[PDB]
$ cat model.txt   # compact mmCIF, N, CA and C atoms and all ligand atoms
# COMPACT_ATOMS: atom_id res chain seq x y z
N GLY P 500 -17.42 -4.09 25.89
CA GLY P 500 -17.65 -3.10 24.86
C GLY P 500 -18.24 -3.65 23.58
N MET P 501 -17.81 -3.07 22.45
CA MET P 501 -18.40 -3.41 21.17
C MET P 501 -18.21 -4.88 20.85
N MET P 502 -16.98 -5.36 20.99
CA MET P 502 -16.75 -6.77 20.75
C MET P 502 -17.56 -7.63 21.70
N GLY P 503 -17.64 -7.23 22.96
CA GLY P 503 -18.41 -8.01 23.91
C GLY P 503 -19.87 -8.10 23.53
N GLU P 504 -20.43 -6.99 23.05
CA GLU P 504 -21.81 -6.99 22.62
C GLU P 504 -22.02 -7.90 21.43
N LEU P 505 -21.08 -7.88 20.48
CA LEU P 505 -21.16 -8.83 19.38
C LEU P 505 -21.19 -10.26 19.89
N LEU P 506 -20.23 -10.61 20.74
CA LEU P 506 -20.17 -11.99 21.18
C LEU P 506 -21.29 -12.36 22.14
N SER P 507 -22.05 -11.37 22.63
CA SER P 507 -23.20 -11.68 23.47
C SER P 507 -24.22 -12.50 22.71
N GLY P 508 -24.63 -12.02 21.54
CA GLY P 508 -25.60 -12.74 20.76
C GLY P 508 -26.62 -11.86 20.08
N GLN P 509 -26.75 -10.61 20.51
CA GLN P 509 -27.77 -9.72 19.98
C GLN P 509 -27.18 -8.60 19.12
N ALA P 510 -26.19 -8.94 18.30
CA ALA P 510 -25.66 -8.06 17.27
C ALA P 510 -25.14 -8.92 16.14
N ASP P 511 -25.01 -8.34 14.95
CA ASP P 511 -24.58 -9.19 13.85
C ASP P 511 -23.51 -8.60 12.95
N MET P 512 -23.31 -7.30 12.91
CA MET P 512 -22.34 -6.73 11.99
C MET P 512 -21.76 -5.48 12.62
N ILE P 513 -20.48 -5.52 12.94
CA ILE P 513 -19.80 -4.40 13.58
C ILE P 513 -19.20 -3.53 12.48
N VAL P 514 -20.01 -2.66 11.90
CA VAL P 514 -19.53 -1.77 10.85
C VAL P 514 -18.84 -0.61 11.55
N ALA P 515 -17.55 -0.68 11.63
CA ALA P 515 -16.76 0.35 12.29
C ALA P 515 -15.31 0.03 12.02
N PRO P 516 -14.39 0.89 12.37
CA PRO P 516 -13.01 0.45 12.43
C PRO P 516 -12.90 -0.71 13.39
N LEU P 517 -12.03 -1.66 13.08
CA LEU P 517 -11.84 -2.77 14.00
C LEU P 517 -10.40 -3.22 14.15
N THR P 518 -9.45 -2.64 13.42
CA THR P 518 -8.02 -2.88 13.60
C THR P 518 -7.69 -4.35 13.82
N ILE P 519 -7.83 -5.15 12.77
CA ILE P 519 -7.67 -6.59 12.83
C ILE P 519 -6.36 -6.96 13.50
N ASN P 520 -6.30 -8.16 14.05
CA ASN P 520 -5.22 -8.58 14.93
C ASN P 520 -5.02 -10.08 14.78
N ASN P 521 -3.86 -10.56 15.21
CA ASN P 521 -3.60 -11.99 15.19
C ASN P 521 -4.61 -12.74 16.04
N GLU P 522 -4.59 -12.49 17.35
CA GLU P 522 -5.41 -13.26 18.27
C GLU P 522 -6.88 -12.87 18.24
N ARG P 523 -7.20 -11.67 17.77
CA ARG P 523 -8.59 -11.23 17.74
C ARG P 523 -9.39 -11.94 16.67
N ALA P 524 -8.76 -12.79 15.87
CA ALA P 524 -9.40 -13.45 14.74
C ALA P 524 -9.83 -14.87 15.05
N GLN P 525 -10.25 -15.14 16.28
CA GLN P 525 -10.78 -16.45 16.63
C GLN P 525 -12.24 -16.40 17.04
N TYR P 526 -12.60 -15.54 17.98
CA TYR P 526 -13.97 -15.53 18.46
C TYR P 526 -14.90 -14.74 17.56
N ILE P 527 -14.38 -14.14 16.49
CA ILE P 527 -15.17 -13.49 15.46
C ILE P 527 -14.61 -13.92 14.11
N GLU P 528 -15.18 -13.37 13.04
CA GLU P 528 -14.75 -13.73 11.70
C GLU P 528 -14.72 -12.48 10.84
N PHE P 529 -13.67 -12.36 10.04
CA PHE P 529 -13.34 -11.11 9.38
C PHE P 529 -13.69 -11.19 7.90
N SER P 530 -13.29 -10.18 7.15
CA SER P 530 -13.43 -10.19 5.71
C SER P 530 -12.27 -9.42 5.12
N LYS P 531 -12.33 -9.19 3.83
CA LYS P 531 -11.19 -8.62 3.14
C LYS P 531 -11.01 -7.17 3.59
N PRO P 532 -9.82 -6.78 4.04
CA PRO P 532 -9.64 -5.43 4.58
C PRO P 532 -9.88 -4.38 3.52
N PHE P 533 -10.32 -3.21 3.95
CA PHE P 533 -10.69 -2.17 3.01
C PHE P 533 -10.05 -0.82 3.32
N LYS P 534 -8.90 -0.82 3.99
CA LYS P 534 -8.06 0.35 4.20
C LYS P 534 -6.85 -0.11 5.00
N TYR P 535 -5.82 0.72 5.04
CA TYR P 535 -4.59 0.36 5.71
C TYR P 535 -4.31 1.34 6.83
N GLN P 536 -4.10 0.83 8.04
CA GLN P 536 -3.82 1.67 9.19
C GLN P 536 -2.46 1.33 9.77
N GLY P 537 -1.79 2.36 10.24
CA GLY P 537 -0.51 2.20 10.90
C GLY P 537 -0.21 3.39 11.77
N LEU P 538 0.65 3.16 12.75
CA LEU P 538 0.97 4.18 13.74
C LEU P 538 1.95 5.17 13.13
N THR P 539 1.52 6.41 12.91
CA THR P 539 2.38 7.39 12.27
C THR P 539 2.76 8.47 13.27
N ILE P 540 3.42 9.50 12.78
CA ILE P 540 4.01 10.52 13.63
C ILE P 540 3.75 11.89 13.01
N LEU P 541 3.56 12.89 13.87
CA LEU P 541 3.48 14.27 13.40
C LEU P 541 4.40 15.13 14.23
N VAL P 542 4.80 16.26 13.66
CA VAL P 542 5.67 17.19 14.35
C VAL P 542 5.15 18.60 14.10
N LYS P 543 5.55 19.51 14.97
CA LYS P 543 5.10 20.89 14.89
C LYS P 543 5.61 21.54 13.61
N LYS P 544 4.95 22.63 13.24
CA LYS P 544 5.26 23.33 12.00
C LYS P 544 6.74 23.67 11.92
N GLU P 545 7.41 23.11 10.92
CA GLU P 545 8.84 23.31 10.71
C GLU P 545 9.10 23.73 9.28
N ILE P 546 8.35 24.72 8.79
CA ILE P 546 8.50 25.17 7.41
C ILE P 546 8.69 26.68 7.35
N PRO P 547 9.82 27.23 7.82
CA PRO P 547 10.05 28.67 7.67
C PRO P 547 10.53 29.03 6.27
N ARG P 548 10.90 30.29 6.07
CA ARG P 548 11.54 30.77 4.85
C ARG P 548 13.01 31.07 5.13
N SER P 549 13.70 31.62 4.14
CA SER P 549 15.12 31.93 4.24
C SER P 549 15.32 33.43 4.37
N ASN A 821 1.46 1.01 -24.39
CA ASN A 821 1.70 -0.22 -23.67
C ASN A 821 3.18 -0.57 -23.73
N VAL A 822 3.56 -1.57 -22.94
CA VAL A 822 4.89 -2.16 -23.03
C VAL A 822 4.76 -3.67 -22.89
N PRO A 823 5.42 -4.45 -23.74
CA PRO A 823 5.26 -5.91 -23.68
C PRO A 823 5.76 -6.56 -22.41
N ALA A 824 6.62 -5.91 -21.62
CA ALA A 824 7.14 -6.58 -20.44
C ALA A 824 7.71 -5.57 -19.45
N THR A 825 7.63 -5.93 -18.17
CA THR A 825 8.14 -5.05 -17.12
C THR A 825 9.62 -4.74 -17.27
N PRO A 826 10.53 -5.72 -17.42
CA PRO A 826 11.92 -5.35 -17.71
C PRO A 826 12.04 -4.53 -18.97
N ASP A 827 11.26 -4.87 -20.00
CA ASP A 827 11.22 -4.05 -21.19
C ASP A 827 10.73 -2.65 -20.86
N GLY A 828 9.75 -2.55 -19.96
CA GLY A 828 9.28 -1.23 -19.58
C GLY A 828 10.36 -0.38 -18.95
N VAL A 829 11.08 -0.93 -17.98
CA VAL A 829 12.09 -0.14 -17.30
C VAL A 829 13.19 0.24 -18.27
N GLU A 830 13.65 -0.73 -19.06
CA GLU A 830 14.72 -0.42 -20.04
C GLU A 830 14.23 0.66 -21.00
N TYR A 831 12.95 0.62 -21.37
CA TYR A 831 12.40 1.57 -22.33
C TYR A 831 12.33 2.96 -21.71
N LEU A 832 12.03 3.03 -20.42
CA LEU A 832 12.19 4.28 -19.70
C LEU A 832 13.66 4.65 -19.58
N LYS A 833 14.53 3.65 -19.43
CA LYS A 833 15.94 3.93 -19.14
C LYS A 833 16.67 4.56 -20.31
N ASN A 834 16.05 4.65 -21.49
CA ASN A 834 16.68 5.39 -22.57
C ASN A 834 16.60 6.87 -22.24
N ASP A 835 17.39 7.28 -21.25
CA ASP A 835 17.24 8.60 -20.66
C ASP A 835 17.66 9.69 -21.65
N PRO A 836 16.91 10.79 -21.71
CA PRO A 836 15.65 11.05 -21.00
C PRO A 836 14.45 10.79 -21.90
N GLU A 837 14.70 10.25 -23.09
CA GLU A 837 13.73 10.28 -24.18
C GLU A 837 12.59 9.31 -23.89
N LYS A 838 11.58 9.33 -24.77
CA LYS A 838 10.45 8.41 -24.73
C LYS A 838 9.57 8.65 -23.52
N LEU A 839 9.47 7.65 -22.65
CA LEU A 839 8.53 7.67 -21.55
C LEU A 839 8.93 8.70 -20.50
N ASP A 840 7.98 9.03 -19.62
CA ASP A 840 8.30 9.80 -18.43
C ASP A 840 7.57 9.32 -17.19
N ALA A 841 6.75 8.28 -17.27
CA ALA A 841 5.97 7.87 -16.12
C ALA A 841 5.42 6.48 -16.38
N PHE A 842 5.05 5.81 -15.30
CA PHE A 842 4.77 4.38 -15.37
C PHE A 842 3.77 4.05 -14.27
N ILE A 843 3.13 2.89 -14.39
CA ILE A 843 2.13 2.45 -13.42
C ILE A 843 2.19 0.94 -13.30
N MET A 844 2.40 0.44 -12.09
CA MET A 844 2.41 -1.00 -11.89
C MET A 844 2.44 -1.26 -10.39
N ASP A 845 2.20 -2.52 -10.01
CA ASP A 845 2.20 -2.91 -8.61
C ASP A 845 3.38 -2.28 -7.89
N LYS A 846 3.17 -1.90 -6.64
CA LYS A 846 4.25 -1.25 -5.92
C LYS A 846 5.03 -2.32 -5.16
N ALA A 847 5.06 -3.52 -5.71
CA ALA A 847 5.96 -4.53 -5.20
C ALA A 847 6.87 -5.10 -6.27
N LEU A 848 6.74 -4.69 -7.53
CA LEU A 848 7.82 -4.85 -8.49
C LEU A 848 8.54 -3.54 -8.74
N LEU A 849 7.81 -2.43 -8.75
CA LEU A 849 8.40 -1.13 -8.98
C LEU A 849 9.06 -0.58 -7.77
N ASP A 850 9.34 -1.41 -6.78
CA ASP A 850 10.29 -1.08 -5.74
C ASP A 850 11.54 -1.92 -5.82
N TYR A 851 11.42 -3.20 -6.16
CA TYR A 851 12.62 -3.94 -6.47
C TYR A 851 13.34 -3.32 -7.66
N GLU A 852 12.59 -2.94 -8.69
CA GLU A 852 13.22 -2.43 -9.90
C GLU A 852 14.00 -1.15 -9.66
N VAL A 853 13.70 -0.41 -8.60
CA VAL A 853 14.53 0.73 -8.27
C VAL A 853 15.56 0.37 -7.22
N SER A 854 15.37 -0.73 -6.49
CA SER A 854 16.32 -1.09 -5.46
C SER A 854 17.55 -1.81 -5.98
N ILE A 855 17.79 -1.84 -7.29
CA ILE A 855 19.12 -2.15 -7.83
C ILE A 855 19.45 -1.06 -8.84
N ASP A 856 20.01 0.04 -8.34
CA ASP A 856 20.72 1.02 -9.16
C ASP A 856 21.49 1.92 -8.21
N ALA A 857 22.82 1.96 -8.37
CA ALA A 857 23.64 2.79 -7.51
C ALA A 857 23.31 4.27 -7.70
N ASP A 858 23.11 4.69 -8.94
CA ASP A 858 22.80 6.09 -9.23
C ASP A 858 21.40 6.49 -8.81
N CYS A 859 20.54 5.54 -8.45
CA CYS A 859 19.16 5.77 -8.02
C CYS A 859 18.50 6.87 -8.83
N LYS A 860 18.48 6.66 -10.15
CA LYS A 860 17.85 7.60 -11.06
C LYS A 860 16.33 7.57 -10.99
N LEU A 861 15.74 6.63 -10.27
CA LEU A 861 14.29 6.49 -10.22
C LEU A 861 13.82 6.61 -8.78
N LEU A 862 12.52 6.83 -8.61
CA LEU A 862 11.97 6.99 -7.27
C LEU A 862 10.46 6.82 -7.33
N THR A 863 9.88 6.53 -6.17
CA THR A 863 8.45 6.28 -6.04
C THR A 863 7.82 7.44 -5.29
N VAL A 864 6.72 7.97 -5.84
CA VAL A 864 6.07 9.13 -5.26
C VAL A 864 4.57 8.91 -5.29
N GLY A 865 3.87 9.63 -4.44
CA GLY A 865 2.42 9.71 -4.50
C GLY A 865 1.76 8.91 -3.40
N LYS A 866 0.45 8.76 -3.54
CA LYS A 866 -0.38 8.02 -2.61
C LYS A 866 -0.84 6.71 -3.22
N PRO A 867 -0.65 5.60 -2.54
CA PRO A 867 -1.16 4.32 -3.04
C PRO A 867 -2.68 4.30 -3.05
N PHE A 868 -3.23 3.43 -3.90
CA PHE A 868 -4.68 3.31 -4.05
C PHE A 868 -5.03 1.95 -4.62
N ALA A 869 -6.31 1.59 -4.50
CA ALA A 869 -6.85 0.40 -5.16
C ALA A 869 -6.10 -0.86 -4.74
N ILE A 870 -6.29 -1.22 -3.47
CA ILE A 870 -5.59 -2.32 -2.82
C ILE A 870 -5.77 -3.62 -3.58
N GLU A 871 -4.88 -4.58 -3.35
CA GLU A 871 -4.82 -5.79 -4.15
C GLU A 871 -3.96 -6.80 -3.40
N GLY A 872 -4.38 -8.05 -3.41
CA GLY A 872 -3.65 -9.09 -2.70
C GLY A 872 -3.27 -10.23 -3.62
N1 LIG I 901 -9.34 6.23 13.99
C1 LIG I 901 -9.23 5.35 14.74
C2 LIG I 901 -9.01 4.41 15.58
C3 LIG I 901 -9.45 3.13 15.31
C4 LIG I 901 -9.21 2.10 16.22
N2 LIG I 901 -9.64 0.85 15.93
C5 LIG I 901 -9.43 -0.16 16.79
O1 LIG I 901 -9.85 -1.30 16.51
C6 LIG I 901 -8.69 0.12 18.06
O2 LIG I 901 -8.46 -0.77 18.89
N3 LIG I 901 -8.28 1.38 18.29
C7 LIG I 901 -8.52 2.37 17.40
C8 LIG I 901 -8.07 3.66 17.67
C9 LIG I 901 -8.32 4.69 16.76
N4 LIG I 901 -7.88 6.00 17.03
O3 LIG I 901 -8.39 6.62 17.95
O4 LIG I 901 -7.00 6.52 16.36
$ encode --input "model.txt" --output "C-alpha cells" --more "lines below"
Ligand SMILES: N#Cc1cc2[nH]c(=O)c(=O)[nH]c2cc1[N+](=O)[O-]
Amino acid sequence: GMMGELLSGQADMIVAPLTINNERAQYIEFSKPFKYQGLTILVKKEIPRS
Amino acid sequence: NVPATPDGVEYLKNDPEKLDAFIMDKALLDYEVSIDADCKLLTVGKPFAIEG
C-alpha cells in the first residue's frame, strides 16, 4: 500500500494521516506531529426530557 | 498578569472575588487541581496549540 509505495523509491512525501507508531519509525522518518488521535467511543442518543 | 503560578492559583483562591478564569499549560493546571479535597476547580473546553 501507501507505505510500500513510499519505500519502493518513486514517492517522496506521504501527506496524509499516518498514525505514528513505535516500530513504524525505522524504515521511514517522521516530523513533529500536528494533531492528536485516539480511539474514542460514541453511544446512541441518550438526551430525553423530564 | 500574575507573577507566579502558585501566586496565580492563590489569587484565584480568594473565593469568589478577583479572577474568574486562567490560561496555562494543561500539565500544571491539572496537578494544581489534583490536590484539593473540595475540588473547587475544574478543567473544561477543547485543547489547542500543541507544545512539547
Ligand atoms: N481518520 C482516520 C484514520 C486514519 C488512520 N491512519 C492510519 O495511519 C491507520 O493505520 N488507520 C487509520 C484509520 C482511520 N480511520 O478510518 O478512522
$ interface_residues --input "model.txt" --of "chain P" --to "chain A" --cutoff "8 Å" --atoms "all atoms listed in the file" --output "list in words"
residues 532, 533 and 534 of chain P
$ residues_near_ligand --input "model.txt" --ligand "ligand LIG 901 (chain I)" --cutoff "8 Å" --atoms "all atoms listed in the file" --output "ChimeraX atom specification"
/P:515-519
$ atom_distance --input "model.txt" --atom1 "CA of residue 859 (chain A)" --atom2 "CA of residue 830 (chain A)"
14.2 Å
